[PDB]
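Visitor: Mind looking over this structure? Questions follow.
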Amino acid sequence: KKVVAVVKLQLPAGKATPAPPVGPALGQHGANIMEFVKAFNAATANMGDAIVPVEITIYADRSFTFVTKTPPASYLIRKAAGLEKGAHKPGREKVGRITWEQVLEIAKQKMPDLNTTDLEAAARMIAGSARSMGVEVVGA
Amino acid sequence: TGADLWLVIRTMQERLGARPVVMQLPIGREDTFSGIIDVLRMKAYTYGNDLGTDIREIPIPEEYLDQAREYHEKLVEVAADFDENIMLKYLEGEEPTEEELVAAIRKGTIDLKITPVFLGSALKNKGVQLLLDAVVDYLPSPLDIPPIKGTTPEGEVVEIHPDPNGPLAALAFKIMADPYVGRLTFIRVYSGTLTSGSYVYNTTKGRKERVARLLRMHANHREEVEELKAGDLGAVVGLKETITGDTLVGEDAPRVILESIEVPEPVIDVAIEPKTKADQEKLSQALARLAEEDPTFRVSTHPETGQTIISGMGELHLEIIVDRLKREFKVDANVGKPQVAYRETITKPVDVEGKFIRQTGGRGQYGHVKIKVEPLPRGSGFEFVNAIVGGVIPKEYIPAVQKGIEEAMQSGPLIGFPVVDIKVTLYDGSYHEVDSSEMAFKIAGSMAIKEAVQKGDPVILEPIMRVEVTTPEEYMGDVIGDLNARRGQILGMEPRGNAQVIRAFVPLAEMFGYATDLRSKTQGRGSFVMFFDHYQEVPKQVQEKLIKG
Amino acid sequence: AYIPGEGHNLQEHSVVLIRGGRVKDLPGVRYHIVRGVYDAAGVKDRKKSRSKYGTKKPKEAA
Amino acid sequence: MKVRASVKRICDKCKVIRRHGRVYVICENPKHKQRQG
Amino acid sequence: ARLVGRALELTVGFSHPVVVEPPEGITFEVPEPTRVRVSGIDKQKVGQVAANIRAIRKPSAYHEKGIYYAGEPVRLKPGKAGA
RNA sequence: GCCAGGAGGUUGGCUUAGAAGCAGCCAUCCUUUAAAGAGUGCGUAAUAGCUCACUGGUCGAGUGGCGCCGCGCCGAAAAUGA
């Protein structure tokens, strides 16, 4: 009598392996994330893969219904600035190049994400987050 | 105290995932018990007392009768998952009589998906004959038992029909000692018939053995039967060879085989040298008595240094043998931690002056090798080059001019162990066409190595082991506990079927007898695979005390 | 006691049936191992001395 | 660690009282159980 | 937590039951032998008597068992800690 | 003390088998906000989670702490009766 289970996780693009909370909440359901490596990998045909959340349900009967989302902000510095994997200490060794430019479209793709659900604000937040990963933002 | 029904039901599908489907319901908890209600024949059964020299079908005094209905309907309703008449019959309201009920629970049972959880109490004779009749009602016979897997003389699949009219195939399993008839074998036949006095045939080590008296353990007495049946079992006398779980054929039974891949696997190894060693071969033949009346364990002889190594699954297994060890063998044993296969090395590139200023009693005899040596990563190997600055050191100082190296490698200066992880690289020498027999310069190579390691850094390498850890999560929490407590690290993890398994590094010296440790670190829900890998150094101070010479 | 030479098997038991006969080596050699006994059981791939060096029969099958 | 000539408050859960004339260290955690010994 | 007699008669895993009298100013009251209330017009007899009962039977001890006022059953790790 | 808020890029960059405020290395964002820190301890296999910090709801008068100084308290066991 498993009424509802719209349970969510942090399922990156191409990891079909249902273990907790996909075991006792979505396996206590019959949630097929096979449909996640089949209707979401195909969905994110942009490049290929990316870390993107998910949200499947069992509706008292025994159904399935899901929603997916968006890829990280440490990816947008990595596959952009030429920060191969990580700069090791974001204070001392600044590797990549993200000036006032790039960061604009960068934060653009990620607007309903973030916080202030806009784009006339979080530009300097993403361009300040550059130092969390430590990338020399050139004075444009 | 704390009797149940429910919790059992739960724990089946909360440990494995097995549907019970039940058959009867109690009349009281702890000491509230008086008899038993049943949901098959629907009969208010009840005994009287402990020994139960009085039983009866007295009415249900109320309280629980009604509940049965709800509960009992499941039975009928579960018969909608396997039967045929019961889809419609339950959609109706027409009573399924006692006849197809039997057949249906029996159905799912033999088919493997149903579980007449009849229960009861032993000491106070209450629950007995009920379960007897439960056994008949839902326990089959070799008749319902599927095609017994065996093999042909060729190597193809064969079915072993009951066939009390064809082939004469058989198995045995238990070797009971008995001063009357002698070495006895509990046998499950299979096919054919076996007369008291007939012969047979070994079916692995050909030996047309004699059967003499077919006798079944008849409770107290032992019923002597002229003939043994196609499927039925018993003890047959004789079979002076005949071991455990081995294939046995009748004189006919055209030399087939029977499968039974049946294998156990060891996990706890210990080592032993008792008294003043004068007990060794004694316990050797004693062992010959061990793994032949029952296989179980191994006597694996140490590959490197002395001592035998006694290993096997269980634990107090090894130690109950230990109990019977100083019993019918009388042997002052000191079974402790095993040895540690030790190999050592260096950590630097040094050139040494392998100078050998010598004239002896004649025949020259010297070897001045300007040698240079270097090592290699953990578990790499041993390589070299001629390193010849022209031809300084001639040909016959090749086939073994090293070997003084290879030899001295066999006992690295410090504690004396094989020296792996090295890579040489000489570079110069000095000789004479007479003052350099093969012998001489090669021995110069020996000195070269010894003083090279002496002044090239000390270091041993304790044998490291890789291992699975087959463990349900919870106590993976606990086992990461003791594993990271055991001078090592893990490095690996994936969720399997029921459980989750850890790819592991551990140090052997700090890994001994871990199967017994795991036991309660987990309550015991899986083990591992003793997967050898390589070796590392024992952080100087561990090595230090272990420097004893 | 020696063995039938060429590749052993015996670690520490075998019940080698003490056979007999020296040779100008191993200051003894007498009382040989058997290759059959309670261990050893010959050399797999011995298409010859079946009478001793183990091998039931080089049954080609294929 | 009962009975030590020095006694203290280790975390923000451990608070000292006075009882029977001797100084006592409390903290819900009994592994910090200290007394002026 | 049987209430037989005027007394509170409990069997808390000890080899025998336990017999509590209701002295002055106090009665007991067992809504069910799984939980026990005591009647009393006195704050001392409250804490003290209830204490005396929980002192009839200690709580938890690593796992979970015994008597408690209505507090928290803090635990100590099971299949470990015994080297 | 008592109600409630106790957020987002993020799972900070690195290490690291995994290090997600939270075993360590460097950290030294900015954004929605009354306020929620790249974290106070606790908790994990890492996770989860408890809690705090912080601001407003109740409440309605004094409070949190840093040194000095006078006297004590612990520190502090011995041999026939104090």
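Residue numbering restarts at 1 for every chain of the structure tokens, chains are lettered A, B, ... in their displayed order, and ligands are numbered from 1 as they appear.
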Near residue 13 (chain D), within 12 Å and counting only C-alpha atoms (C1' of nucleotides), which residues show up once chain neighbours fewer than 3 positions away are dropped, as a count of residues only?
Guide: 17
Visitor: With 6 Å as the limit and counting only C-alpha atoms (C1' of nucleotides), what residues in chain B lie close to chain F? Please list them as a ChimeraX atom specification.
Guide: /B:477,491-492
Visitor: So the first atom is CA of residue 210 (chain B) and the second is CA of residue 196 (chain B); what is the distance between them in Å, to one decimal place?
Guide: 9.5 Å
Visitor: Any idea what the distance is between CA of residue 525 (chain B) and CA of residue 73 (chain E)?
Guide: 27.4 Å
Visitor: Quick one: everything within 10 Å of residue 53 (chain C), counting only C-alpha atoms (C1' of nucleotides), minus sequence neighbours fewer than 3 positions away in the same chain. Send it as a PDB file with C-alpha atoms, in the first residue's frame.
Guide:
ATOM      1  CA  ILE C   3      61.306 -39.950  -7.538  1.00  0.00           C
ATOM      2  CA  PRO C   4      60.752 -40.936 -11.149  1.00  0.00           C
ATOM      3  CA  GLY C   5      62.495 -37.626 -11.960  1.00  0.00           C
ATOM      4  CA  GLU C   6      61.170 -34.640 -13.891  1.00  0.00           C
ATOM      5  CA  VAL C  34      56.652 -44.875  -7.157  1.00  0.00           C
ATOM      6  CA  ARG C  35      54.547 -42.476  -9.252  1.00  0.00           C
ATOM      7  CA  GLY C  36      51.170 -44.035  -8.472  1.00  0.00           C
ATOM      8  CA  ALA C  40      52.485 -38.127  -7.320  1.00  0.00           C
ATOM      9  CA  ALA C  41      50.550 -40.031  -9.969  1.00  0.00           C
ATOM     10  CA  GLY C  42      52.970 -39.446 -12.828  1.00  0.00           C
ATOM     11  CA  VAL C  43      53.463 -36.664 -15.320  1.00  0.00           C
ATOM     12  CA  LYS C  44      50.497 -35.542 -17.409  1.00  0.00           C
ATOM     13  CA  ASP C  45      51.682 -35.761 -21.055  1.00  0.00           C
ATOM     14  CA  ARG C  46      53.820 -38.901 -20.571  1.00  0.00           C
ATOM     15  CA  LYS C  47      53.036 -40.694 -23.851  1.00  0.00           C
ATOM     16  CA  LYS C  48      55.355 -43.577 -22.958  1.00  0.00           C
ATOM     17  CA  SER C  49      56.197 -44.968 -19.524  1.00  0.00           C
ATOM     18  CA  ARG C  50      52.542 -45.356 -18.508  1.00  0.00           C
ATOM     19  CA  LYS C  56      46.119 -44.028 -17.247  1.00  0.00           C
TER      20      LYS C  56
END
Visitor: Name all residues at most 7 Å from residue 53 (chain A) (count only C-alpha atoms (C1' of nucleotides); drop same-chain ones fewer than 4 positions away) and give them as a list in words.
Guide: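 Residues near the query, excluding close chain neighbours: residues 9, 10, 11, 12, 68, 69 and 70 of chain A.
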Visitor: Hey, what does DSSP flag as helix (DSSP H, G or I) within region 22-74 of chain A? Can you give it to me as an mmCIF file with C-alpha atoms, in the first residue's frame?
Guide:
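Result went into states-v3.cif, see below:
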data_model
loop_
_atom_site.group_PDB
_atom_site.id
_atom_site.type_symbol
_atom_site.label_atom_id
_atom_site.label_comp_id
_atom_site.auth_asym_id
_atom_site.auth_seq_id
_atom_site.Cartn_x
_atom_site.Cartn_y
_atom_site.Cartn_z
ATOM 1 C CA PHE A 36 16.725 7.629 -16.717
ATOM 2 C CA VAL A 37 19.569 6.126 -18.760
ATOM 3 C CA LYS A 38 17.063 5.925 -21.656
ATOM 4 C CA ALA A 39 14.869 9.091 -21.543
#
Visitor: Work out how far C1' of residue 28 (chain F) is from CA of residue 120 (chain A), in Å to one decimal.
Guide: 26.1 Å
Visitor: Give me, as a list in words, the residues of chain A touching chain B, with the criterion being at most 10 Å (counting only C-alpha atoms).
Guide: residues 17, 18 and 19 of chain A
Visitor: For residue 75 (chain F), which residue among D:17, D:35, D:6, D:1 is the nearest when counting only C-alpha atoms (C1' of nucleotides)?
Guide: D:6
Visitor: With 12 Å as the cut-off and only C-alpha atoms counted, what is the closest atom pair between each nearby residue of chain E and chain B? Distances in Å to one decimal, ordered by chain and number, as a Markdown table.
Guide:
| residue | atom | partner | partner_atom | distance |
| --- | --- | --- | --- | --- |
| E:13 | CA | B:1 | CA | 10.8 |
| E:77 | CA | B:478 | CA | 9.6 |
| E:78 | CA | B:521 | CA | 9.1 |
| E:79 | CA | B:520 | CA | 5.6 |
| E:80 | CA | B:521 | CA | 6.1 |
| E:81 | CA | B:521 | CA | 9.6 |
| E:82 | CA | B:520 | CA | 10.0 |
| E:83 | CA | B:517 | CA | 9.9 |
Visitor: When you get a sec, could you note down which chain C residues fall within 9 Å of chain B, using only C-alpha atoms, as a list in words?
Guide: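 Selected residues: residues 11, 12 and 13 of chain C.
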Visitor: Just write the chosen residues, N, CA and C atoms, as a PDB file, in the first residue's frame.
Guide:
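Output (result-v3.pdb):
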ATOM      1  N   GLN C  11      54.499 -32.617  -1.589  1.00  0.00           N
ATOM      2  CA  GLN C  11      54.863 -31.498  -0.735  1.00  0.00           C
ATOM      3  C   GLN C  11      55.420 -32.017   0.595  1.00  0.00           C
ATOM      4  N   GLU C  12      54.650 -32.881   1.259  1.00  0.00           N
ATOM      5  CA  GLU C  12      55.053 -33.487   2.530  1.00  0.00           C
ATOM      6  C   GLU C  12      54.086 -34.598   2.977  1.00  0.00           C
ATOM      7  N   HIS C  13      54.044 -35.705   2.221  1.00  0.00           N
ATOM      8  CA  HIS C  13      53.274 -36.920   2.558  1.00  0.00           C
ATOM      9  C   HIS C  13      53.405 -38.028   1.513  1.00  0.00           C
TER      10      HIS C  13
END
Visitor: Out of chain A, which residues get strand (DSSP E or B) from DSSP, as a list in words?
Guide: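 So the strand (DSSP E or B) residues in chain A would be residues 8, 9, 12, 51, 54, 55, 56 and 66 of chain A.
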Visitor: Take the residues from that selection and put them in a file with N, CA, C and O atoms, as a PDB file, in the first residue's frame.
Guide:
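Output below, filename result_10.pdb:
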ATOM      1  N   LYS A   8      13.379  12.042  -4.740  1.00  0.00           N
ATOM      2  CA  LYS A   8      14.373  12.642  -5.620  1.00  0.00           C
ATOM      3  C   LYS A   8      15.791  12.233  -5.232  1.00  0.00           C
ATOM      4  O   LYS A   8      16.017  11.762  -4.121  1.00  0.00           O
ATOM      5  N   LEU A   9      16.737  12.410  -6.149  1.00  0.00           N
ATOM      6  CA  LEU A   9      18.139  12.108  -5.873  1.00  0.00           C
ATOM      7  C   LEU A   9      19.054  13.059  -6.631  1.00  0.00           C
ATOM      8  O   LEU A   9      18.615  14.090  -7.143  1.00  0.00           O
ATOM      9  N   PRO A  12      23.652  11.825 -11.785  1.00  0.00           N
ATOM     10  CA  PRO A  12      24.368  12.354 -12.958  1.00  0.00           C
ATOM     11  C   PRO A  12      24.026  11.583 -14.247  1.00  0.00           C
ATOM     12  O   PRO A  12      23.436  10.511 -14.147  1.00  0.00           O
ATOM     13  N   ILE A  51      25.894  16.051 -14.517  1.00  0.00           N
ATOM     14  CA  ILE A  51      25.215  15.731 -13.260  1.00  0.00           C
ATOM     15  C   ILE A  51      23.874  16.445 -13.138  1.00  0.00           C
ATOM     16  O   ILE A  51      23.824  17.664 -12.991  1.00  0.00           O
ATOM     17  N   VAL A  54      16.792  14.232 -10.494  1.00  0.00           N
ATOM     18  CA  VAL A  54      15.685  13.444 -11.037  1.00  0.00           C
ATOM     19  C   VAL A  54      14.559  13.379  -9.990  1.00  0.00           C
ATOM     20  O   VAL A  54      14.784  13.721  -8.827  1.00  0.00           O
ATOM     21  N   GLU A  55      13.354  12.966 -10.393  1.00  0.00           N
ATOM     22  CA  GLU A  55      12.209  12.938  -9.473  1.00  0.00           C
ATOM     23  C   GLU A  55      11.049  12.037  -9.920  1.00  0.00           C
ATOM     24  O   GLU A  55      10.096  12.541 -10.521  1.00  0.00           O
ATOM     25  N   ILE A  56      11.119  10.737  -9.599  1.00  0.00           N
ATOM     26  CA  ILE A  56      10.105   9.737  -9.998  1.00  0.00           C
ATOM     27  C   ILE A  56       9.110   9.400  -8.867  1.00  0.00           C
ATOM     28  O   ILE A  56       9.474   9.483  -7.696  1.00  0.00           O
ATOM     29  N   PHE A  66       8.341  11.150 -13.734  1.00  0.00           N
ATOM     30  CA  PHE A  66       9.538  11.863 -13.255  1.00  0.00           C
ATOM     31  C   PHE A  66       9.906  13.239 -13.836  1.00  0.00           C
ATOM     32  O   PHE A  66       9.447  13.617 -14.916  1.00  0.00           O
TER      33      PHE A  66
END
Visitor: Residues of chain D no more than 12 Å from chain F, counting only C-alpha atoms (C1' of nucleotides): send them over as a ChimeraX atom specification.
Guide: /D:3-7,10-14,18-24,29,35-37
Visitor: Limited to N, CA, C and O atoms, could you put the picked residues into a file as a compact mmCIF listing (two decimals), in the first residue's frame?
Guide:
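Writing done, so here's selection_33.txt:
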# COMPACT_ATOMS: atom_id res chain seq x y z
N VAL D 3 38.77 12.01 39.49
CA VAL D 3 39.91 12.11 40.41
C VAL D 3 41.21 12.54 39.73
O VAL D 3 42.06 11.71 39.40
N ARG D 4 41.35 13.84 39.49
CA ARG D 4 42.60 14.45 39.01
C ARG D 4 42.76 15.84 39.63
O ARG D 4 41.77 16.55 39.82
N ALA D 5 43.99 16.23 39.95
CA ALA D 5 44.22 17.47 40.68
C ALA D 5 43.86 18.71 39.87
O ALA D 5 43.71 19.81 40.42
N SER D 6 43.73 18.53 38.56
CA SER D 6 43.18 19.54 37.66
C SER D 6 41.89 19.00 37.07
O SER D 6 41.81 17.83 36.70
N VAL D 7 40.88 19.86 36.99
CA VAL D 7 39.60 19.49 36.43
C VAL D 7 39.08 20.68 35.64
O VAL D 7 39.36 21.83 35.98
N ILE D 10 35.54 20.77 29.07
CA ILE D 10 36.17 20.49 27.78
C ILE D 10 35.41 21.06 26.56
O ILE D 10 35.98 21.81 25.77
N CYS D 11 34.14 20.71 26.43
CA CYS D 11 33.30 21.20 25.34
C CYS D 11 32.30 22.19 25.88
O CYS D 11 32.27 22.44 27.09
N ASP D 12 31.47 22.74 25.00
CA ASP D 12 30.35 23.58 25.43
C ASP D 12 29.15 22.76 25.92
O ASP D 12 28.00 23.05 25.58
N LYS D 13 29.43 21.73 26.72
CA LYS D 13 28.39 20.89 27.31
C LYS D 13 28.75 20.55 28.74
O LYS D 13 27.94 20.00 29.49
N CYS D 14 29.99 20.87 29.12
CA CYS D 14 30.54 20.50 30.42
C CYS D 14 30.60 21.67 31.40
O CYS D 14 31.31 22.65 31.17
N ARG D 18 29.35 22.69 42.68
CA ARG D 18 29.94 22.45 43.99
C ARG D 18 29.03 21.51 44.78
O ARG D 18 27.84 21.76 44.92
N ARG D 19 29.62 20.42 45.29
CA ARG D 19 28.85 19.40 45.99
C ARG D 19 29.63 18.75 47.14
O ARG D 19 30.72 18.21 46.95
N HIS D 20 29.04 18.83 48.34
CA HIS D 20 29.60 18.28 49.58
C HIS D 20 30.86 18.99 50.07
O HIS D 20 31.43 18.63 51.10
N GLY D 21 31.29 20.01 49.33
CA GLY D 21 32.49 20.74 49.69
C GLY D 21 33.63 20.49 48.73
O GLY D 21 34.70 21.08 48.85
N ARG D 22 33.41 19.60 47.76
CA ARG D 22 34.41 19.32 46.74
C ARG D 22 33.93 19.81 45.38
O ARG D 22 32.73 19.83 45.11
N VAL D 23 34.87 20.21 44.53
CA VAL D 23 34.52 20.73 43.21
C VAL D 23 34.31 19.59 42.21
O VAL D 23 35.14 18.71 42.07
N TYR D 24 33.17 19.62 41.51
CA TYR D 24 32.79 18.56 40.59
C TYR D 24 32.57 19.08 39.17
O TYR D 24 32.01 20.16 38.97
N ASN D 29 27.79 13.87 28.96
CA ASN D 29 28.76 12.82 28.71
C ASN D 29 29.49 12.42 30.00
O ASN D 29 30.08 13.26 30.66
N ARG D 35 36.34 15.12 38.88
CA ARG D 35 36.18 15.51 40.28
C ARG D 35 37.52 16.00 40.83
O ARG D 35 38.57 15.57 40.37
N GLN D 36 37.48 16.89 41.82
CA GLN D 36 38.70 17.39 42.43
C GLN D 36 39.42 16.32 43.23
O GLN D 36 39.38 16.30 44.46
N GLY D 37 40.08 15.42 42.50
CA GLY D 37 40.88 14.37 43.09
C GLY D 37 42.33 14.48 42.65
O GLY D 37 42.95 15.53 42.82
Visitor: Quick one: everything within 9 Å of residue 21 (chain C), counting only C-alpha atoms (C1' of nucleotides), minus sequence neighbours fewer than 5 positions away in the same chain. Send it as a ChimeraX atom specification.
Guide: /C:28-32
Visitor: Write the residues you've just listed into a file as an mmCIF file, in the first residue's frame, and include N, CA and C atoms for each of them.
Guide:
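Generated file (out-v2.cif):
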data_model
loop_
_atom_site.group_PDB
_atom_site.id
_atom_site.type_symbol
_atom_site.label_atom_id
_atom_site.label_comp_id
_atom_site.auth_asym_id
_atom_site.auth_seq_id
_atom_site.Cartn_x
_atom_site.Cartn_y
_atom_site.Cartn_z
ATOM 1 N N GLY C 28 72.895 -42.652 -2.228
ATOM 2 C CA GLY C 28 71.807 -43.490 -1.763
ATOM 3 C C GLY C 28 70.862 -43.807 -2.910
ATOM 4 N N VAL C 29 69.928 -42.898 -3.181
ATOM 5 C CA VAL C 29 68.930 -43.047 -4.253
ATOM 6 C C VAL C 29 67.982 -44.245 -4.101
ATOM 7 N N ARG C 30 68.499 -45.330 -3.525
ATOM 8 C CA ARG C 30 67.736 -46.536 -3.204
ATOM 9 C C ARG C 30 66.342 -46.270 -2.612
ATOM 10 N N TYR C 31 65.489 -47.289 -2.652
ATOM 11 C CA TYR C 31 64.159 -47.238 -2.046
ATOM 12 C C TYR C 31 63.184 -46.268 -2.727
ATOM 13 N N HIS C 32 63.245 -46.161 -4.050
ATOM 14 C CA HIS C 32 62.544 -45.101 -4.793
ATOM 15 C C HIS C 32 61.069 -44.796 -4.465
#
Visitor: Which polymer residues have any atom within 12 Å of an atom of residue 17 (chain E), counting only C-alpha atoms (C1' of nucleotides), with same-chain residues fewer than 6 positions away left out, as an mmCIF file with N, CA, C and O atoms, in the first residue's frame?
Guide:
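See around.cif below for the written result:
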data_model
loop_
_atom_site.group_PDB
_atom_site.id
_atom_site.type_symbol
_atom_site.label_atom_id
_atom_site.label_comp_id
_atom_site.auth_asym_id
_atom_site.auth_seq_id
_atom_site.Cartn_x
_atom_site.Cartn_y
_atom_site.Cartn_z
ATOM 1 N N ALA E 1 4.009 -5.145 34.358
ATOM 2 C CA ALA E 1 3.828 -4.230 35.482
ATOM 3 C C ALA E 1 2.490 -4.448 36.183
ATOM 4 O O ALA E 1 1.667 -3.538 36.275
ATOM 5 N N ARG E 2 2.290 -5.668 36.672
ATOM 6 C CA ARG E 2 1.062 -6.067 37.351
ATOM 7 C C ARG E 2 0.801 -5.176 38.561
ATOM 8 O O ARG E 2 1.733 -4.730 39.228
ATOM 9 N N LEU E 3 -0.470 -4.910 38.830
ATOM 10 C CA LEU E 3 -0.861 -4.018 39.915
ATOM 11 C C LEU E 3 -1.547 -4.802 41.042
ATOM 12 O O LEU E 3 -2.133 -4.215 41.951
ATOM 13 N N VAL E 4 -1.455 -6.129 40.978
ATOM 14 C CA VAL E 4 -2.127 -7.013 41.934
ATOM 15 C C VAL E 4 -1.944 -6.602 43.396
ATOM 16 O O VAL E 4 -0.861 -6.200 43.813
ATOM 17 N N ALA E 7 -0.581 -3.294 46.094
ATOM 18 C CA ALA E 7 0.825 -3.207 45.763
ATOM 19 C C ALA E 7 1.084 -3.171 44.255
ATOM 20 O O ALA E 7 0.242 -3.575 43.451
ATOM 21 N N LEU E 8 2.258 -2.665 43.896
ATOM 22 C CA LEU E 8 2.760 -2.691 42.533
ATOM 23 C C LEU E 8 3.710 -3.874 42.416
ATOM 24 O O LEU E 8 4.799 -3.855 42.998
ATOM 25 N N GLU E 9 3.286 -4.908 41.688
ATOM 26 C CA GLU E 9 4.072 -6.139 41.536
ATOM 27 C C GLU E 9 4.642 -6.289 40.127
ATOM 28 O O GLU E 9 3.922 -6.607 39.181
ATOM 29 N N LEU E 10 5.942 -6.075 39.995
ATOM 30 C CA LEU E 10 6.559 -6.046 38.686
ATOM 31 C C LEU E 10 7.587 -7.155 38.557
ATOM 32 O O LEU E 10 8.169 -7.581 39.549
ATOM 33 N N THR E 11 7.780 -7.637 37.332
ATOM 34 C CA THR E 11 8.801 -8.641 37.032
ATOM 35 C C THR E 11 9.687 -8.135 35.897
ATOM 36 O O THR E 11 9.359 -8.291 34.724
ATOM 37 N N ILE E 56 14.695 0.004 41.044
ATOM 38 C CA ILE E 56 14.371 -1.414 41.019
ATOM 39 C C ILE E 56 14.947 -1.957 39.723
ATOM 40 O O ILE E 56 15.622 -2.987 39.730
ATOM 41 N N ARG E 57 14.699 -1.272 38.603
ATOM 42 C CA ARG E 57 15.312 -1.754 37.346
ATOM 43 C C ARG E 57 15.999 -0.726 36.441
ATOM 44 O O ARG E 57 15.353 0.117 35.817
#
Visitor: Kindly provide, as a count of residues only, the residues of chain F having any atom no farther than 12 Å from an atom of chain A, counting only C-alpha atoms (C1' of nucleotides).
Guide: 21
